[PDB]
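Structure 1 and structure 2 below are two forms of the same protein chain, each written out on its own as structure tokens.
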Structure 1
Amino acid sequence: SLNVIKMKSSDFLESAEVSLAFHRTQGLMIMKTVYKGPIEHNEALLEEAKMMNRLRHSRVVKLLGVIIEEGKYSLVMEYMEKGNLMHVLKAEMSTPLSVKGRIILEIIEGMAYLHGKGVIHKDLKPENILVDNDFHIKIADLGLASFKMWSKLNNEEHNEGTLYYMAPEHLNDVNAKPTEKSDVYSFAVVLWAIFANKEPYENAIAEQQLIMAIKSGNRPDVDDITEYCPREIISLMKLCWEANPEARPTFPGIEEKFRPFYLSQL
């Protein structure tokens, strides 16, 4: 029903390198230029952008517009001042448990909305969770995982990746189709990183050792969390990173249990 704002490069002053760009009348926006080079896709690209523009939720980043010009293709989206979740977590100012709990609930809210719309994120990770100045979050798709046409354009010939959060069924198996349960596993490791204030598996020596470990049941070190972590969140963590994908809960199921716990205890 709603339409995509078709933007031009002229209404942007300059973009400083994913890049921050100032719109002459609308201010700061994040611009992801996808293609630069030598037209048949301009239709499937804008139709995909119209399909993605429908997703509107307070915890999902808004696609503000698209730039479709000759040999120039970009996506324009909201600007979040504080960066991604890992950048905020590694800052020296400690984030209280009330804010961390609020962030978790908002991640659950945004994930349940995307799944309810049939969208599987496939790349949920702290780099894809952007934070504003009020410590509110919004889920992004900076890798263009769900943008099928725009990712095809990104990987085209004439156009001039962590594993910590991938479900084990996708490690060493590119032919496995990601499901909603794959996003639930990613959420589990994001939960751990929120309380550990860092990335997991710091003591890993080699990528092949890490892959074999996770596939055999190895998980982020819970004892490595020095911060206080509620018993219920550790239980939610271990439930969401179960080896069997059918044992992992759904985000509406996570939402039903976590919201009363957050309101009453956090």
Structure 2
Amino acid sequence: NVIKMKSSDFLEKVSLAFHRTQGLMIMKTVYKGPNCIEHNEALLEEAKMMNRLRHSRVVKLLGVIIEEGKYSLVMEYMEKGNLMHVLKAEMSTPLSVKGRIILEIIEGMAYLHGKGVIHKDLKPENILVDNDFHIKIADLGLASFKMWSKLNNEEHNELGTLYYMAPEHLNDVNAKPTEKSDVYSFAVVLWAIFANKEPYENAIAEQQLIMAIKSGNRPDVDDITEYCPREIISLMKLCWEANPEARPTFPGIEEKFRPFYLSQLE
């Protein structure tokens, strides 16, 4: 189960903090100011069910700081920051670690979809890396932490990439996300891994970009200088198909990618 951690346990709003017994952790204190004990029953329940998600490639919610007008979400430390951070970094990450990161993302996403979780906001900012270069899927924006997310955005507190978003979600906020909404996102994460930068230059995410994407525009494959195996380009094109029922399922992706990684990349 989850821990109902006290502020005291941590020796001297996102910040780093040392647990007396457990060790190193990251924390985002979402709430401050007045007390709102009316949501305090739910916030704990959302947290203990998010904690039910236990996979090697899925971030573990270690505990919650639930106190008088101060609410925090604590998780394990991922030393190497996020995926984009690792790719833009000075030391060039090799084709053998890239393909493994790709297998691990497939492993993590398939698990979530297994457990009925739809990420909704998959992107490199939500793919975290440990020292050994292993990844974990995170929900830093609380897109899946429904209660905690609005608590974070409320007026009683004192404190957005469209690039990875499926065309059916652009200009249509009332469309219910599917398992394929995560699959489009993945295909653009595939491109990002091989091009070592953000797609569609760096700007703007205005009505021009959005309309070009909904019509059929996808990231520039020819902007990948580095060697990219034929098979993984077929995959990104397959996954970012305009029609969601054209896009594969993650267990389907896994079935074809695992043998490929083994022979060609590992």
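So that the term is clear: the rigid core is the largest set of C-alpha atoms that superpose within 1.5 Å between two forms. Residues are numbered by position in structure 1's sequence, first residue being 1.
> For the set 58, 226, 216, 203, which residue undergoes a C-alpha shift of 2 Å or more between structures 1 and 2, given alignment on the rigid core?
Replying inline: With the rigid core fitted, the residue that moves is 203.
> In Å, how far apart are the CA positions of residue 133 between structures 1 and 2 with the rigid core superposed?
Replying inline: The shift comes out to 1.0 Å.
> Superposing on the core, what C-alpha displacement does residue 25 show between structures 1 and 2, in angstrom?
Replying inline: Its alpha carbon moves by 2.9 Å.
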